[PDB]
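In structure tokens, the next block holds one chain alone, the form deposited in one PDB entry.
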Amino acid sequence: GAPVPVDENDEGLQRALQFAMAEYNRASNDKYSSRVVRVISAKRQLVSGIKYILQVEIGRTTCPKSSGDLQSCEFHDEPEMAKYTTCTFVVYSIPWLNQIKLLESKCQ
């Protein structure tokens, strides 16, 4: 086979995406959080484990990765702000070791 769409409402995708982002959020040396503002395409393929290819518009928030107010903060600042970034993440899920691995991310 060959990679075929996963509907947003899928729970593997929802785990994969949330994994891409938290790892994106550490890897960046800014002080605020980033969010997904849209998934542009979400695909999967089964090569032994399940390998997702996500394309995501990410935006910046005014919500510091410090503050306890964080997740409440994030739902809130909602439609306003900084800069839109678009990324492609490929996540790979190896369900007999129980593990989820981030194989590439490409941002613009």
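Residues that one form lacks are left out of the comparison. Here the rigid core means the biggest group of C-alpha atoms that line up within 1.5 Å when the two forms are laid on top of each other. Quick note: we count residues from 1 along the sequence shown, nothing fancier.
The protein also exists as the form deposited in another entry; that form is not presented, and the subsequent description refers to it.
*Asks:* Compare the position of the CA of residue 43 between the shown form and the other one after a rigid core fit and state whether the shift reaches 2 Å.
*Replies:* For residue 43, whose C-alpha is compared between the shown form and the other one after core superposition, the shift is less than 2 Å.
*Asks:* Indicate whether residue 28 shows a C-alpha shift of 2 Å or more between the shown form and the other one, with the rigid core used for the fit.
*Replies:* Shift at residue 28: below 2 Å after core fit.
*Asks:* On a rigid core superposition, would residue 57 pass a 2 Å threshold for CA movement between the shown form and the other one?
*Replies:* Residue 57: C-alpha displaced by less than 2 Å between the shown form and the other one.
*Asks:* Do the C-alpha atoms of residue 20 and residue 70 sit closer or farther apart in the other entry than they do here, given a shift of 3 Å or more?
*Replies:* The answer is closer, because the C-alphas of residue 20 and residue 70 approach each other in the other entry by 3 Å or more.
*Asks:* Have a look at residue 76 and residue 61: in the other entry, are their Cα atoms closer together or farther apart than in this form, given the change is 3 Å or more?
*Replies:* It is closer: the C-alpha separation of residue 76 and residue 61 falls by at least 3 Å in the other entry.
*Asks:* Could you point out the stretches of 3 or more consecutive residues whose C-alpha atoms all move by 2 Å or more between the shown form and the other one when the rigid core is superposed?
*Replies:* Run shifting 2 Å or more: just 66 to 81.
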